[PDB]
Ligand SMILES: C/C=C(\C)CC/C=C(\C)CCC=C(C)C
């Protein structure tokens, strides 16, 4: 090997020694960022040791002589030393890991910088924005990979598992990002970056799959966009490619790479993100933050980082390629010291040449500044060279086969065991043909609720010596409660979450349980990427039987018979005894569980209750609010009979009553924070009340269950029977996004109050009735019937007045056209802003929002979609797009903030005159008591000579006539 | 020219094609595709 491969290996040894290993501290093993930046970043240290690890691996695959063994051992032990030093850096902050485990706050996060001479902390928590889930996640990922490569106390194992819990909730934790500045605006605003989420997913996979697939949901929803305030980040290459490989969608990976190439790639590398301005000649060097008005200034002149082209060589090596264009384009290396490449950190447009670069993008000869060499980039450069020259293989750097993520994974067959709670239930199930086994017969396998599984993991990770307290109580979804568990040598199987949660009306409806089971199976068939085959334990309880008790629910039978047939829930299902499923299951072993009016005196007014059960309940709110857990003077309290009333109406299944009792007793869904976190996990915002704006409190970020529940209560303003609707509809939307997320495309802000109003309207026109009696029959809907209404609301299925209904359906669902937000970005260039109901969407937003941001989307949907009425909004949507339509033909720009409502109205006044003349009944046109827009205008089709969009075209042209006196149109 | 958009946006062809395309982008999820088209004033419509 020394003939022609040992000399080149020694050349790379000199490269790594003179670029990386020269700066490693003999005391700590950490690497200072540069001469000026003497501190050691976690992520930079982890990335900078990749070259050393790869060299050691190279040296070892050819280590036969001693000297070669000495070099390989030195390199491998340098890598081990660096990782151990970073460990004591994190170990010294065990009080921060423990605090972030429960309260994921930026003030309780691990520091990014550490003293390279003492493994201590250099700055204060307040001083750097230390929350960077990607640094800890990349450390965990490469700790898993290096160990799987043969690189070697239990206390640090407990600390590492507590770090697993630390980065476990990264799909819902705002971050300061890989660039440790949060959002682009650069005001220290913690933001959810897909880079951190993907790195956390990779670290967890290499090292509980529920939060792993939550991170997967974040990745699918966010890509190709980076985060809320970023169209694209070149750091996404660290997720869709080396080192995370956290995206298993090949199309998504290709789309993200193409977005990076098209938007950020330049002559001297790739810009980190659009309007970055980290080392641009336009920033203020001594000012830490960025004013929202200078972000425009950074456009088209952002610094291009050669570091990202090392990622483009790494993929290309990991995935075989002729991307030998990414190499050969890195001739932009500083010294050819002696001849050391010295990959720069970034290239900045020379200051004088700002105007030329702005105008002519990616064309000016930039200068190198920042760190030189960028050790994070230099290590990746050396690793890619090693890998590309045949001295290394993807399987040596990646012994965990993270690269095989993109390969299509086959559908999984979910084995289900239907277990009888009681033997009588088993007898009924058999009369009907499903042969099952009782929970007693399944012994020695012990069936437990998922609550017990969540509590068991709270004893994982605990060392009281360093004050680490297990894992926080997290709800285990279907993914967690589908593996079999080896606890104290006896196998424990756990039923899904939705079965033991019988505290809200959803569990009483057997159809709901069928629907929850179907959603769980659909989620399992797609998200199970685990060794073994998942096993859903489905016990048929006594509540699952019919009214008589000698027969089983039809819906539950039908579901079980379909599962026996192999298909239910979009999933192939194998039913059988739980004993048969031991050999082909994810039988994980939990080793931590081994031991070792008048008359205001309310003296006698409840006497009227002593049989309609509606009236009995009605009195009971007078006697609750006026008199909830107070006495009744008959060995009874207000709460007690309300619970008795709740049980009675559950037995009679008159759903309006159950909902009301639930509503005034403040029944709350336990897995509701999970529903909100799932809906927000898919990059969909939520608003909770009736539509006028203050009541409708928006949910932009995840909220803890107490807050979420409290936000729901205050959004009803005391008006009952909607606070429960918000939770129930949120749950249904979560299930439908888990199962049929295509239904939720072109939707970005779910207005629950508008949804409820549109369900009431649909119950009013279907089963024609008054809108009000329909608002009351919506109460009397079964939970599964209401879920069906929501399906039909979403998919627009029907059980001269049509176009008003559509305009309503789409507006309530807040459905926007494809490309609508980017089109709004275009008009804001022309006009000075849009005004809806007096609220202004200024053009200054575009000076800090790139068109494809999901932060500009929110800005638009907060000025436009806030309109209470469902249709008025869909018309305001048209008037914007006809404004977008006519902006292209118009050659000039106007200095007015255009009031879209007026264009809607001017079209309204243009609707009376034209229709009256074409000759239509004056009473045929009817104004709206809420919007002042003729009902027939809503009923009008979009296109045509009398189409509503044509009227707005005749309105916008007659609107901008006084603003634009002259209009040399194209 | 503006006057044409004000008077008869539809006849002028280039604009109509745009109007009809915008109708679909927004509302082709509801799709003869004619439902998205209204060439009768509701009176000649509600005549039968
Ligand atoms: C050529 C004139 C029209 C086609 C009338 C409709 C256009 C406008 C009223 C102005 C559009 C320009 C913006 C910046 C919104």
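Indices start at 1 and increase along the chain as displayed.
Going by what the header records, the deposited coordinates were determined by electron microscopy, 2.9 Å.
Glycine is treated like the rest: Cβ placed from N, Cα and C.
Noted in Swiss-Prot for the protein shown:
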MOD_RES   A:597  phosphoserine
REGION    A:642-672  region 'Calmodulin-binding'
MOD_RES   A:862  phosphoserine
LIPID     A:969  S-farnesyl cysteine
Surrounding residues of the region 'Calmodulin-binding' (A:642-672) on its own chain - C-beta under 8 Å, 6+ positions past either end: 475, 497-498, 501, 503-506, 508, 613-614, 616-617, 620-621, 624, 628, 705, 708-709, 713, 720-721, 723-724, 727-728, 730-731, 776-777, 779-783
Among A:597, A:862, which are modified residues, the residue with the most C-beta atoms within 10 angstroms of its C-beta: A:862
Listed recorded positions with Cβ under 6 Å from ligand 1, out of A:597, A:862, A:969: A:969
Direct Cα-Cα distance, rounded to whole Å, spanning the 6 residues left out between residue A:610 and residue A:611: 8
Residue A:862 (phosphoserine) and residue A:969 (S-farnesyl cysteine), distance between Cα atoms, whole Å: 32
Cα-Cα distance in Å between residue A:799 and residue A:800, where 83 residues go unmodelled: 16
Modelling gap (3 residues), residue A:336/residue A:337 Cα distance, angstrom: 9
Unmodelled segment of 3 residues: Cα separation of flanking residue A:152 and residue A:153 in Å: 10
Direct Cα-Cα distance, rounded to whole Å, spanning the 135 residues left out between residue A:596 and residue A:597: 67
DSSP-derived class (H/G/I helix, E/B strand, else coil) of residue A:597 (phosphoserine): coil
Endpoint distance, Cα to Cα in Å, for the 18-residue gap that opens after residue A:207 and closes at residue A:208: 10
Within the region 'Calmodulin-binding' (A:642-672), residues counted as helix, strand or coil by DSSP: 22 helix, 0 strand, 9 coil
